[PDB]
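K.L.:
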Amino acid sequence: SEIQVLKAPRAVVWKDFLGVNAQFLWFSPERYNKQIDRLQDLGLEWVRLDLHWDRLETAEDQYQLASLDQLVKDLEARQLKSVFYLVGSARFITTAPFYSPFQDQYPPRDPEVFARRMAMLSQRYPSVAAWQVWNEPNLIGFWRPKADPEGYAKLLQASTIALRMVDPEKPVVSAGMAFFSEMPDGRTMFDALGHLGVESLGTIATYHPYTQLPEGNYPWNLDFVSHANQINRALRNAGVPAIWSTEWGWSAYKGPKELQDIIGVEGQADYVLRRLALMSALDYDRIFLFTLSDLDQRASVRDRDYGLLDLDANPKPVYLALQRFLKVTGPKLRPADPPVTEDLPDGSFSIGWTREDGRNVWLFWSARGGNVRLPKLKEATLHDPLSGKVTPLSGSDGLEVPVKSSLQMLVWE
């Protein structure tokens with residue numbers, strides 16, 4: 104019946120667990136403060152932000168930090184917890200060959216130079232919650248001309264030492280690896296780094312498992328939970344202090360298709376909730392949805408519509424759905440089992456939790472559907488986070504429940 108039942112390894116406190124990627128430096132403080140209001144309205148506080156070196160040290164030893172000073176101050180005033188990741192080579196340090204069109208997509212000639220920047224940043228901004236080293240080094244667009252475990256490892260080592268020199272308590276996060284860390288030559292960056300003793304550094308491990316569907320790449324092989332469980336298991340076995348997922352999500356873009364199938368604002372709201380349901384029941388210590396806001400032409404066409412909010416900072420359907428979802432769940436969930444069922448359709452997903460008020464929450468869906476019987480329940484409340492619909496249900500000798508392709512939530516006891 105290919106039914107997939109998930110039970111989480113620990114309690115989930117949404118405020119601690121679920122954060123968002125952000126792109127604040129591309130917005131006025133009036134605009135990003137509005138975005139913050141919306142984030143706070145969800146009960147969340149963690150944000151993740153890039154720091155493109157080439158755009159910050161615009162000439163050797165010359166920095167344009169005025170707006171980043173302001174942002175960091177604003178983030179602190181708004182009580183948000185932030186992780187920044189420094190990525191790309193400034194031109195003076197790049198390993199790019201002469202006349203390269205993308206010098207910054209090459210790594211630094213000397214990792215110590217990069218590491219000294221991370222130390223400068225950590226000192227300048229003590230409020231930042233965590234510091235991340237580079238980004239998706241397994242992907243050619245971030246590390247030319249070839250993925251290089253040895254070199255990323257040196258960069259990571261240098262940066263870790265420098266970051267702990269400034270604050271030995273403050274977490275150091277390794278690069279979020281593209282996808283499940285796969286490299287073009289067939290290796291995985293997680294594997295390759297493991298053979299190099301990277302665990303010695305004790306950095307937080309993280310990857311960016313984008314897939315075509317919330318549960319996998321193909322409708323006939325929803326193997327996301329398997330792959331994820333496999334990777335995290337291996338990460339824990341290797342001695343990582345924590346596992347994050349610093350990026351995941353879908354774009355509402357109309358196209359033309361570039362890798363991701365066109366699913367629109369509604370498909371975004373649907374997919375995002377279904378994947379949130381999975382990931383929050385898997386072995387992650389923290390995840391970051393991509394991303395808080397839609398973006399303008401400074402971003403690729405597809406990248407413009409990953410937002411929870413539009414360019415005016417108004418909720419998109421995904422935001423409204425997520426809000427409904429979080430309201431039903433409450434602030435904290437404790438692992439539980441699903442209700443006992445009869446005739447759960449094949450391919451169903453089933454996840455059980457208990458709320459703060461002690462009531463249970465069942466999260467379920469299936470691509471096929473039909474109904475399911477809950478023999479022991481006499482009463483329950485059905486929620487469809489996508490429509491906003493709430494259906495009180497009553498059974499003398501059990502309830503019947505419709506299964507949709509999209510996530511629904513049942514509040515029962």
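Take my numbering: the final residue in the sequence shown is number 516, and no numbers are missing along the way.
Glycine residues also receive a C-beta, built at the ideal position from the N, C-alpha and C atoms.
May I ask you to check if the CB of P438 is nearer than 6 angstroms to at least one heavy atom of the ligand SAH?
P.N.:
This structure lacks the ligand SAH, and indeed carries no ligand of any kind.
K.L.:
Take the Cβ of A114 as the centre, count every other Cβ of all protein chains shown within 10 Å, and call the residue buried at 16 or more, exposed below.
P.N.:
Start at 1 with the first residue of the sequence shown, and residue 114 comes out as number 11. Flag for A114 reads exposed.
K.L.:
Counting along the chain, where does the alpha helix (DSSP H) carrying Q333 start and finish?
P.N.:
Along the sequence shown, one-based indexing puts residue 333 at 230. 327 to 341 is the span of the alpha helix (DSSP H), which, as asked, contains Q333.
K.L.:
Can the beta-carbon of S104 be found closer than 7 angstroms to that of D449?
P.N.:
Against the sequence shown, residue 104 aligns to sequence position 1. Against the sequence shown, residue 449 aligns to sequence position 346. The answer is yes: Cβ separation under 7 angstroms.
K.L.:
List the residues that DSSP assigns as beta-bridge partners of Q371.
P.N.:
In the sequence shown, residue 371 corresponds to position 268, counting from 1. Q371 pairs with nothing; no bridge assigned.
K.L.:
Quick test of your reading: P495 and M512, contact by CB under 8 angstroms. State the CB separation rounded to the nearest angstrom.
P.N.:
The residue given as residue 495 occupies position 392 in the sequence shown. The residue given as residue 512 occupies position 409 in the sequence shown. With 8 angstroms as the limit, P495 and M512 do not qualify as a contact, their Cβ atoms being about 14 angstroms apart.
K.L.:
Can you tell which of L189, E253, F201 has the C-alpha that lies nearest to the C-alpha of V275?
P.N.:
For the purposes of this step, residue 275 is taken as the residue at position 172 of the sequence shown. Among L189, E253, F201, the Cα nearest to that of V275 is on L189.
K.L.:
Where does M280 sit, in a helix, a strand or coil, going by DSSP?
P.N.:
If you number the sequence shown from 1, residue 280 lands on position 177. Reduced to three states, the DSSP call for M280 is strand.
K.L.:
Distance check for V443 and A331, CA to CA, integer angstroms please.
P.N.:
One-based indexing of the sequence shown puts residue 331 at position 228. One-based indexing of the sequence shown puts residue 443 at position 340. C-alpha separation (whole angstroms): 26 angstroms.
K.L.:
Here's a check: name, in chain order, each residue in its chain whose Cβ is nearer than 6 angstroms to the Cβ of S453, leaving out the five neighbours to either side.
P.N.:
Along the sequence shown, read from residue 1 onward, the residue named residue 453 stands at position 350. Excluding positions up to five away in sequence, the list reads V108, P441, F467.
K.L.:
Just confirm the distance between the C-beta atoms of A222 and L259, as a whole number of angstroms; I'd bet it's less than 8 angstroms.
P.N.:
In the sequence shown, the residue the question calls residue 222 occupies position 119. In the sequence shown, the residue the question calls residue 259 occupies position 156. About 14 angstroms separates the two Cβ atoms, so there is no contact after all.
K.L.:
Kindly identify the DSSP beta-bridge partner or partners of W347.
P.N.:
Residue 347 sits at position 244 when you count from the first residue of the sequence shown. For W347, which the question treats as bridged, DSSP gives the partners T309, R389.
K.L.:
Please classify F205: is it buried, with 16 or more other beta-carbons within 10 angstroms of its beta-carbon, or exposed?
P.N.:
Working through the sequence shown from its first residue, we reach residue 205 at position 102. Counting Cβ neighbours within 10 Å, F205 comes out exposed, since fewer than 16 surround it.
K.L.:
Please determine if the segment 209 to 223 and the segment 243 to 262 are in contact, where contact requires at least 3 C-beta pairs separated by less than 8 angstroms.
P.N.:
Yes: the two stretches touch, three or more of their Cβ pairs being nearer than 8 angstroms.
K.L.:
Which two residues bound the contiguous alpha helix (DSSP H) that contains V216?
P.N.:
As a first step, residue 216 is located in the sequence shown; it is residue number 113 there, counting from the start. Here the alpha helix (DSSP H) through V216 covers 214 to 227.
K.L.:
Does DSSP put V421 in a helix, in a strand, or in coil?
P.N.:
By one-based count along the sequence shown, residue 421 stands at place 318. Reduced to three states, the DSSP call for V421 is helix.
K.L.:
What distance in whole Å lies between the Cβ atoms of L510 and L376, which are believed to be in contact at a cut-off of 8 angstroms?
P.N.:
To locate residue 376, count along the sequence shown from 1; it is residue 273. To locate residue 510, count along the sequence shown from 1; it is residue 407. Between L510 and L376 the Cβ distance is about 5 angstroms, and since that is below 8 angstroms, they are a contact.
K.L.:
Who are the near neighbours of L325 in its chain, counting only those whose CB is closer than 6 angstroms to its CB and skipping five residues on each side?
P.N.:
Here residue 325 corresponds to residue number 222 of the sequence shown, with the count starting at 1. So the qualifying residues of the chain are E318, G319.
K.L.:
Residues in the same chain with beta-carbon distance under 6 angstroms from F195, minus the five sequence neighbours each way, listed in chain order, please.
P.N.:
Position 92 of the sequence shown, counting from 1, holds the residue named residue 195. Closer than 6 angstroms at the Cβ level, and outside the excluded window around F195, lie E163.
K.L.:
Give the secondary structure of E272 by DSSP, where H, G and I count as helix, E and B as strand, and everything else as coil.
P.N.:
Residue numbering aside, residue 272 sits at position 169 when the sequence shown is read from its first letter. Reduced to three states, the DSSP call for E272 is coil.
K.L.:
Alpha carbon to alpha carbon, how far is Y409 from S354?
P.N.:
The residue labelled residue 409 in the question sits at position 306 within the sequence shown. The residue labelled residue 354 in the question sits at position 251 within the sequence shown. The alpha-carbon atoms of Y409 and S354 are separated by roughly 4 angstroms.
K.L.:
Rounded to a whole number of angstroms, what is the C-alpha to C-alpha distance between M292 and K492?
P.N.:
For the purposes of this step, residue 292 is taken as residue 189 along the sequence shown, with counting starting at 1. For the purposes of this step, residue 492 is taken as residue 389 along the sequence shown, with counting starting at 1. Answer to the nearest angstrom: the Cα atoms are 44 angstroms apart.
K.L.:
Can you tell me which of the three DSSP states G358 falls into?
P.N.:
Sequence index remark: in the sequence shown, residue 358 carries index 255 (1-based). It is coil, neither helix nor strand.
K.L.:
Residue 517 lies in the alpha helix (DSSP H); which residues open and close that run?
P.N.:
Because residue 517 is not part of the residues shown, which for the chain are 104 to 516, the question remains open.
K.L.:
How about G122 and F391: do their beta carbons lie closer than 7 angstroms?
P.N.:
The residue given as residue 122 occupies position 19 in the sequence shown. The residue given as residue 391 occupies position 288 in the sequence shown. The answer is yes: Cβ separation under 7 angstroms.
K.L.:
Rounded to a whole number of angstroms, what is the C-alpha to C-alpha distance between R471 and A380?
P.N.:
As a working mapping, residue 471 is identified with position 368 in the sequence shown. As a working mapping, residue 380 is identified with position 277 in the sequence shown. Going by the C-alpha atoms only, they are around 18 angstroms apart.
K.L.:
Are the Cβ atoms of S451 and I106 separated by less than 7 angstroms?
P.N.:
In the sequence shown, residue 451 corresponds to position 348, counting from 1. In the sequence shown, residue 106 corresponds to position 3, counting from 1. Cβ distance < 7 angstroms, so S451 and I106 count as in contact.
K.L.:
Is the distance from the Cβ of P312 to the Cβ of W351 below 7 angstroms?
P.N.:
For the purposes of this step, residue 312 is taken as the residue at position 209 of the sequence shown. For the purposes of this step, residue 351 is taken as the residue at position 248 of the sequence shown. Closer than 7 angstroms, so yes.
K.L.:
Would you list the one or two residues that DSSP bridges to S185?
P.N.:
The sequence position of residue 185 within the sequence shown is 82, counting from 1. For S185, which the question treats as bridged, DSSP gives the partners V150.
K.L.:
Rounded to whole angstroms, what is the Cα-Cα separation between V504 and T309?
P.N.:
For the purposes of this step, residue 504 is taken as residue 401 along the sequence shown, with counting starting at 1. For the purposes of this step, residue 309 is taken as residue 206 along the sequence shown, with counting starting at 1. Computed Cα separation, rounded: 37 angstroms.
K.L.:
What are the start and end residues of the alpha helix (DSSP H) that includes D177?
P.N.:
Numbered from its first residue, the sequence shown carries residue 177 at position 74. Note, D177: alpha helix (DSSP H), 169 to 180.
K.L.:
My parser needs the beta strand (DSSP E) runs of 3 or more residues fully inside the segment 484 to 509; what are they?
P.N.:
DSSP runs (the beta strand (DSSP E)) wholly in the segment 484 to 509: 492 to 497, 502 to 506.
K.L.:
Is the number of C-beta pairs between the segment 171 to 190 and the segment 144 to 151 that are closer than 8 angstroms three or more?
P.N.:
Yes, since at least three Cβ pairs between the segment 171 to 190 and the segment 144 to 151 fall closer than 8 angstroms, the two stretches touch.
K.L.:
Name the residue from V475, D373, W456 whose alpha carbon lies nearest to the alpha carbon of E516.
P.N.:
Translated into the one-based positions of the sequence shown, residue 516 becomes position 413. Residue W456 is the option with its Cα nearest to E516.
K.L.:
Work out the CA separation of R437 and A384 for me, nearest whole Å.
P.N.:
Counted from its first residue, the sequence shown places residue 384 at position 281. Counted from its first residue, the sequence shown places residue 437 at position 334. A384 and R437: Cα-Cα distance of roughly 10 angstroms.
K.L.:
Return the CA-CA distance between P240 and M286, expressed in angstroms with no decimal places.
P.N.:
To locate residue 240, count along the sequence shown from 1; it is residue 137. To locate residue 286, count along the sequence shown from 1; it is residue 183. Rounded to whole angstroms, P240 to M286 spans 9 angstroms at the Cα level.
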